Amino acid sequence: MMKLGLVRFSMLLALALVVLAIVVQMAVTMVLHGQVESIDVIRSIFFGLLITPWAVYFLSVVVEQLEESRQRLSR
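Its first residue numbered 15, the sequence shown is counted upward by one per residue in the entry's author numbering.
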């Protein structure tokens, strides 16, 4: 029931989280000068598996993200 933007092609604020996350990841990656392969990615396709935890954590964030209609239902 509880929703905000995740209803019909919405949720703009989320983009800021994506961009921010990307920037943060870039900074962290730069700071953590650890030569291995690619921030523990082990092949591009492998990233797909990361979509599981990412989607879960992200969905939760999106669920809490007070976008369009104030909701905030995460703990």
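From the three backbone atoms N, C-alpha and C, an ideal C-beta is built for every residue, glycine too.
Residue i and residue j look like a contact to me (Cβ under 8 angstroms); what is the Cβ gap, rounded to whole Å?
i, j, result
"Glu81", "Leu18", "5 angstroms"
"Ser74", "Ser88", "5 angstroms"
Could you tell me the alpha carbon to alpha carbon distance between residue i and residue j, rounded to whole angstroms?
i, j, result
"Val76", "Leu46", "28 angstroms"
"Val32", "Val38", "10 angstroms"
"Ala69", "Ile36", "15 angstroms"
"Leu26", "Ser58", "27 angstroms"
"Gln85", "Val21", "13 angstroms"
Between which two residues does the alpha helix (DSSP H) holding residue i run?
i, result
"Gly62", "61 to 78"
"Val33", "27 to 45"
Using alpha carbons as the reference points, say which of the options lies closest to residue i.
i, options, result
"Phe72", "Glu51, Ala28, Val21", "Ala28"
Return the chain-ordered list of same chain residues with a C-beta closer than 8 angstroms to the C-beta of residue i, the five sequence neighbours on each side being excluded.
i, result
"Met16", "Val77, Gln85, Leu87"
Which residues in the same chain as residue i place their Cβ atom closer than 7 angstroms to its Cβ, once the five residues preceding and following it in sequence are excluded?
i, result
"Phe61", "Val55"
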